[PDB]
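S.K.: Sharing coords00.csv below, CSV, C-alpha atoms and all ligand atoms:
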```csv
chain,number,residue,atom,x,y,z
A,42,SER,CA,6.9,19.3,-12.5
A,43,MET,CA,5.1,18.7,-9.2
A,44,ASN,CA,4.1,15.8,-6.9
A,45,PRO,CA,1.0,16.1,-4.8
A,46,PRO,CA,1.1,16.1,-1.1
A,47,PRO,CA,1.3,12.5,0.2
A,48,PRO,CA,-1.6,10.7,1.7
A,49,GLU,CA,-2.2,11.5,5.4
A,50,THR,CA,-0.6,9.3,8.0
A,51,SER,CA,-1.6,11.4,11.0
A,52,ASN,CA,-5.0,12.8,12.1
A,53,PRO,CA,-5.4,13.3,15.8
A,54,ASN,CA,-9.2,13.6,15.7
A,55,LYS,CA,-9.7,10.4,13.7
A,56,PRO,CA,-10.8,7.7,16.1
A,57,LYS,CA,-8.2,4.9,16.4
A,58,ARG,CA,-8.0,1.3,17.5
A,59,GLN,CA,-5.3,-1.4,17.8
A,60,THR,CA,-7.3,-4.7,17.0
A,61,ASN,CA,-5.8,-8.2,16.7
A,62,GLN,CA,-6.5,-8.0,12.9
A,63,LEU,CA,-4.6,-4.7,12.6
A,64,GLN,CA,-1.7,-6.2,14.5
A,65,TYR,CA,-1.7,-9.1,12.0
A,66,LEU,CA,-1.7,-6.6,9.1
A,67,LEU,CA,1.5,-5.1,10.5
A,68,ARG,CA,3.3,-8.1,11.8
A,69,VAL,CA,2.4,-10.6,9.1
A,70,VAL,CA,1.1,-8.8,6.0
A,71,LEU,CA,3.1,-5.6,5.8
A,72,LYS,CA,6.3,-7.3,7.1
A,73,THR,CA,6.1,-10.0,4.5
A,74,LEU,CA,5.6,-7.6,1.6
A,75,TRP,CA,8.1,-5.1,2.8
A,76,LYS,CA,11.0,-7.5,2.9
A,77,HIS,CA,10.3,-8.9,-0.6
A,78,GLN,CA,12.8,-8.4,-3.5
A,79,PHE,CA,10.0,-6.5,-5.4
A,80,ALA,CA,9.0,-4.2,-2.6
A,81,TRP,CA,11.2,-1.2,-3.4
A,82,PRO,CA,9.0,0.6,-5.9
A,83,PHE,CA,6.1,0.4,-3.4
A,84,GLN,CA,7.9,1.5,-0.3
A,85,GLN,CA,7.2,5.3,-0.8
A,86,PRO,CA,4.9,7.5,-2.7
A,87,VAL,CA,5.4,7.5,-6.5
A,88,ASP,CA,7.8,10.4,-7.3
A,89,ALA,CA,6.4,11.4,-10.6
A,90,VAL,CA,9.1,14.1,-11.0
A,91,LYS,CA,12.1,12.0,-10.5
A,92,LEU,CA,10.6,9.1,-12.5
A,93,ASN,CA,9.5,11.5,-15.3
A,94,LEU,CA,5.9,10.3,-15.2
A,95,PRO,CA,4.1,13.7,-15.6
A,96,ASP,CA,0.8,12.0,-16.2
A,97,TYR,CA,0.8,9.7,-13.2
A,98,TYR,CA,-1.2,11.9,-10.9
A,99,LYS,CA,-3.5,13.0,-13.8
A,100,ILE,CA,-4.5,9.3,-13.9
A,101,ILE,CA,-4.1,8.2,-10.3
A,102,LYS,CA,-6.3,10.2,-8.0
A,103,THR,CA,-6.2,7.9,-5.0
A,104,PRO,CA,-2.4,7.3,-4.5
A,105,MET,CA,-1.3,4.7,-2.1
A,106,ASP,CA,2.0,3.0,-1.2
A,107,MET,CA,3.5,0.7,1.5
A,108,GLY,CA,5.5,3.6,3.1
A,109,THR,CA,2.1,5.3,3.8
A,110,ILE,CA,0.6,2.0,5.0
A,111,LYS,CA,3.6,1.3,7.2
A,112,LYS,CA,3.3,4.7,8.9
A,113,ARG,CA,-0.5,4.3,9.2
A,114,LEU,CA,0.0,1.0,11.0
A,115,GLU,CA,2.9,2.0,13.2
A,116,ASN,CA,1.0,5.2,14.2
A,117,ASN,CA,-2.3,3.4,14.8
A,118,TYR,CA,-4.1,5.5,12.1
A,119,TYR,CA,-6.8,2.9,11.4
A,120,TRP,CA,-10.1,2.0,13.1
A,121,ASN,CA,-10.4,-1.4,11.4
A,122,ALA,CA,-8.6,-4.0,9.2
A,123,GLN,CA,-10.9,-3.2,6.2
A,124,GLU,CA,-9.4,0.3,6.0
A,125,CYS,CA,-5.9,-1.1,5.7
A,126,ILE,CA,-6.9,-3.9,3.4
A,127,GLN,CA,-8.5,-1.2,1.1
A,128,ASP,CA,-5.2,0.7,1.1
A,129,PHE,CA,-3.2,-2.4,-0.1
A,130,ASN,CA,-5.8,-3.0,-2.8
A,131,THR,CA,-5.7,0.7,-3.9
A,132,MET,CA,-1.9,0.4,-4.2
A,133,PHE,CA,-2.1,-2.7,-6.5
A,134,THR,CA,-5.1,-1.3,-8.5
A,135,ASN,CA,-3.3,2.0,-9.2
A,136,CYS,CA,-0.3,0.1,-10.5
A,137,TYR,CA,-2.5,-1.9,-12.9
A,138,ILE,CA,-4.5,1.2,-13.9
A,139,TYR,CA,-1.4,3.2,-14.8
A,140,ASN,CA,0.9,0.6,-16.4
A,141,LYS,CA,0.4,-2.1,-19.1
A,142,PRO,CA,0.1,-5.9,-18.8
A,143,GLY,CA,3.4,-7.7,-18.6
A,144,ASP,CA,5.3,-4.5,-17.6
A,145,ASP,CA,8.0,-5.3,-15.0
A,146,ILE,CA,6.2,-3.1,-12.4
A,147,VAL,CA,3.0,-5.0,-13.0
A,148,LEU,CA,4.8,-8.4,-12.6
A,149,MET,CA,6.2,-7.0,-9.3
A,150,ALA,CA,2.7,-5.9,-8.1
A,151,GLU,CA,1.3,-9.3,-9.0
A,152,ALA,CA,4.0,-11.1,-7.0
A,153,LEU,CA,3.3,-8.9,-3.9
A,154,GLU,CA,-0.5,-9.2,-4.4
A,155,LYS,CA,-0.3,-13.0,-4.5
A,156,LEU,CA,1.4,-12.9,-1.1
A,157,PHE,CA,-1.0,-10.3,0.2
A,158,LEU,CA,-3.9,-12.6,-0.7
A,159,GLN,CA,-2.3,-15.6,0.9
A,160,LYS,CA,-1.8,-13.7,4.1
A,161,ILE,CA,-5.2,-12.1,4.3
A,162,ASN,CA,-6.8,-15.4,3.7
A,163,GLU,CA,-5.8,-16.2,7.2
A,164,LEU,CA,-6.7,-12.9,8.8
A,165,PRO,CA,-7.6,-13.9,12.4
A,166,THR,CA,-11.2,-13.6,13.7
A,167,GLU,CA,-11.6,-10.4,15.6
A,168,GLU,CA,-10.9,-11.0,19.3
B,1,LIG,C1,4.7,1.8,-7.9
B,1,LIG,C2,4.8,2.2,-9.4
B,1,LIG,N1,3.7,2.2,-10.2
B,1,LIG,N2,4.1,2.6,-11.4
B,1,LIG,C3,5.4,2.8,-11.3
B,1,LIG,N3,5.9,2.6,-10.1
B,1,LIG,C4,7.2,2.8,-9.7
B,1,LIG,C5,7.3,3.5,-8.5
B,1,LIG,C6,8.6,3.7,-8.0
B,1,LIG,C7,9.7,3.4,-8.8
B,1,LIG,CL1,11.3,3.8,-8.1
B,1,LIG,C8,9.6,2.8,-10.0
B,1,LIG,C9,8.3,2.5,-10.5
B,1,LIG,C10,8.2,1.9,-11.8
B,1,LIG,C11,9.1,0.7,-12.1
B,1,LIG,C12,9.2,0.3,-13.4
B,1,LIG,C13,10.0,-0.9,-13.7
B,1,LIG,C14,10.6,-1.6,-12.7
B,1,LIG,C15,10.4,-1.1,-11.4
B,1,LIG,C16,9.7,0.0,-11.1
B,1,LIG,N4,7.2,2.1,-12.7
B,1,LIG,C17,6.3,3.2,-12.5
```
Have the structure of the file written as structure tokens, please.

M.R.:
Amino acid sequence: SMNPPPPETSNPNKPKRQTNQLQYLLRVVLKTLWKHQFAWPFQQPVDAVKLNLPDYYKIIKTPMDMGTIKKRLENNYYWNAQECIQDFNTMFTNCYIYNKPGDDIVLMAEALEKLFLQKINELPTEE
């Protein structure tokens, strides 16, 4: 069995910014989710080999995880907040696509996503 390469977290020719919204996404949104008791399955790419999920990357073609997001934020990979918001949403959606309602991992994603939504509700106006 084989995992795909992870999502990129470095691309020197991609234009980059550090906006106040991006800073909030790191200091508030990412930090809040990362410390949560349910963060651990989301803190790195899905290891389909170790988890014995050989169909995961047959079904999930746009993988995303908070490890990747954390690196992207810390390494100023993004141009805007929407890019990062999309990554979080891709992570949650993938979980729901792959798994079944009421599965433990879905309950975990839902708890994290509730917090995500509460924090992005107060994304600051771009300064
Ligand atoms: C994210 C994600 N999306 N689907 C899966 N995951 C996981 C990723 C990493 C780990 Cl260690 C477990 C799971 C688990 C998992 C299952 C029950 C409780 C905790 C994690 N399920 C497969």

S.K.: With distances taken over all atoms listed in the file, which of A:44, A:162, A:97, A:128 is nearest to residue 114 of chain A?

M.R.: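 The answer is A:128, which sits nearest to residue 114 of chain A.
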
S.K.: Which of these, A:166, A:109, A:130, A:140, has the shortest distance to residue 51 of chain A once you count all atoms listed in the file?

M.R.: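 For residue 51 of chain A, the nearest of the given residues is A:109.
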
S.K.: Find the residue from A:115, A:96, A:106, A:151 that sits nearest to residue 68 of chain A; use only C-alpha atoms when measuring.

M.R.: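 Among the listed residues, A:115 lies closest to residue 68 of chain A.
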
S.K.: Using all atoms listed in the file, which of A:55, A:102, A:91, A:113 sits nearest ligand LIG 1 (chain B)?

M.R.: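 Looking at the shortest contact to ligand LIG 1 (chain B), the residue is A:91.
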
S.K.: Could you state the separation of atom CA of residue 94 of chain A and atom CA of residue 131 of chain A in Å, given to one decimal place?

M.R.: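 That distance, rounded to one decimal, is 18.8 Å.
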
S.K.: Counting all atoms listed in the file, name the residues that have an atom within 7 Å of an atom of ligand LIG 1 (chain B); the answer should be given as a compact mmCIF listing (two decimals) with C-alpha atoms, in the frame of the given file.

M.R.:
```
# COMPACT_ATOMS: atom_id res chain seq x y z
CA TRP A 81 11.20 -1.20 -3.40
CA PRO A 82 9.00 0.60 -5.90
CA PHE A 83 6.10 0.40 -3.40
CA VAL A 87 5.40 7.50 -6.50
CA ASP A 88 7.80 10.40 -7.30
CA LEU A 92 10.60 9.10 -12.50
CA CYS A 136 -0.30 0.10 -10.50
CA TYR A 139 -1.40 3.20 -14.80
CA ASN A 140 0.90 0.60 -16.40
CA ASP A 145 8.00 -5.30 -15.00
CA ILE A 146 6.20 -3.10 -12.40
```

S.K.: From the options A:164, A:158, A:101, A:89, which residue's atoms come nearest to residue 65 of chain A, counting all atoms listed in the file?

M.R.: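 Result for the nearest residue to residue 65 of chain A: A:164.
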
S.K.: What does the distance between atom CA of residue 150 of chain A and atom CA of residue 123 of chain A come to in Å, to one decimal place?

M.R.: 19.9 Å

S.K.: As a CSV table (one decimal) with C-alpha atoms, in the frame of the given file, please: the residues near residue 165 of chain A (cut-off 10 Å, all atoms listed in the file, same-chain neighbours under 5 positions excluded).

M.R.:
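That gives us result26.csv:
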```
chain,number,residue,atom,x,y,z
A,61,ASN,CA,-5.8,-8.2,16.7
A,62,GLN,CA,-6.5,-8.0,12.9
A,63,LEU,CA,-4.6,-4.7,12.6
A,64,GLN,CA,-1.7,-6.2,14.5
A,65,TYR,CA,-1.7,-9.1,12.0
A,66,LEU,CA,-1.7,-6.6,9.1
```

S.K.: Near residue 121 of chain A, within 9 Å and counting all atoms listed in the file, which residues show up once chain neighbours fewer than 4 positions away are dropped, as a PDB file with C-alpha atoms, in the coordinates of the input?

M.R.:
```pdb
ATOM      1  CA  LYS A  57      -8.200   4.900  16.400  1.00  0.00           C
ATOM      2  CA  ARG A  58      -8.000   1.300  17.500  1.00  0.00           C
ATOM      3  CA  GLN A  59      -5.300  -1.400  17.800  1.00  0.00           C
ATOM      4  CA  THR A  60      -7.300  -4.700  17.000  1.00  0.00           C
ATOM      5  CA  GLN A  62      -6.500  -8.000  12.900  1.00  0.00           C
ATOM      6  CA  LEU A  63      -4.600  -4.700  12.600  1.00  0.00           C
ATOM      7  CA  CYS A 125      -5.900  -1.100   5.700  1.00  0.00           C
TER       8      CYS A 125
END
```

S.K.: Between atom CA of residue 74 of chain A and atom CA of residue 129 of chain A, what is the distance in Å, rounded to a tenth?

M.R.: 10.4 Å

S.K.: Using all atoms listed in the file, determine which residues lie at most 9 Å from residue 149 of chain A, disregarding the query and same-chain residues fewer than 6 positions distant; provide the list as a PyMOL selection string.

M.R.: chain A and resi 78-80+82

S.K.: Would you list the contacts of residue 107 of chain A as a compact mmCIF listing (two decimals) with C-alpha atoms, keeping the file's coordinate frame, taking every protein, DNA or RNA residue within 8 Å and counting all atoms listed in the file, but skipping same-chain residues closer than 5 positions in sequence?

M.R.:
```
# COMPACT_ATOMS: atom_id res chain seq x y z
CA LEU A 71 3.10 -5.60 5.80
CA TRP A 75 8.10 -5.10 2.80
CA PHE A 83 6.10 0.40 -3.40
CA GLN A 84 7.90 1.50 -0.30
CA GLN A 85 7.20 5.30 -0.80
CA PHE A 129 -3.20 -2.40 -0.10
CA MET A 132 -1.90 0.40 -4.20
```

S.K.: Find the residue from A:163, A:154, A:144, A:49 that sits nearest to residue 103 of chain A; use only C-alpha atoms when measuring.

M.R.: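 Closest candidate: A:49.
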
S.K.: Leaving out residue 73 of chain A and any residue of its chain fewer than 3 positions from it, which residues lie within 10 Å of it when counting only C-alpha atoms, given as a compact mmCIF listing (two decimals) with C-alpha atoms, in the frame of the given file?

M.R.:
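Result file is result-v3.txt:
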```
# COMPACT_ATOMS: atom_id res chain seq x y z
CA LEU A 66 -1.70 -6.60 9.10
CA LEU A 67 1.50 -5.10 10.50
CA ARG A 68 3.30 -8.10 11.80
CA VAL A 69 2.40 -10.60 9.10
CA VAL A 70 1.10 -8.80 6.00
CA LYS A 76 11.00 -7.50 2.90
CA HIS A 77 10.30 -8.90 -0.60
CA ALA A 80 9.00 -4.20 -2.60
CA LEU A 153 3.30 -8.90 -3.90
CA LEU A 156 1.40 -12.90 -1.10
CA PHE A 157 -1.00 -10.30 0.20
CA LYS A 160 -1.80 -13.70 4.10
```
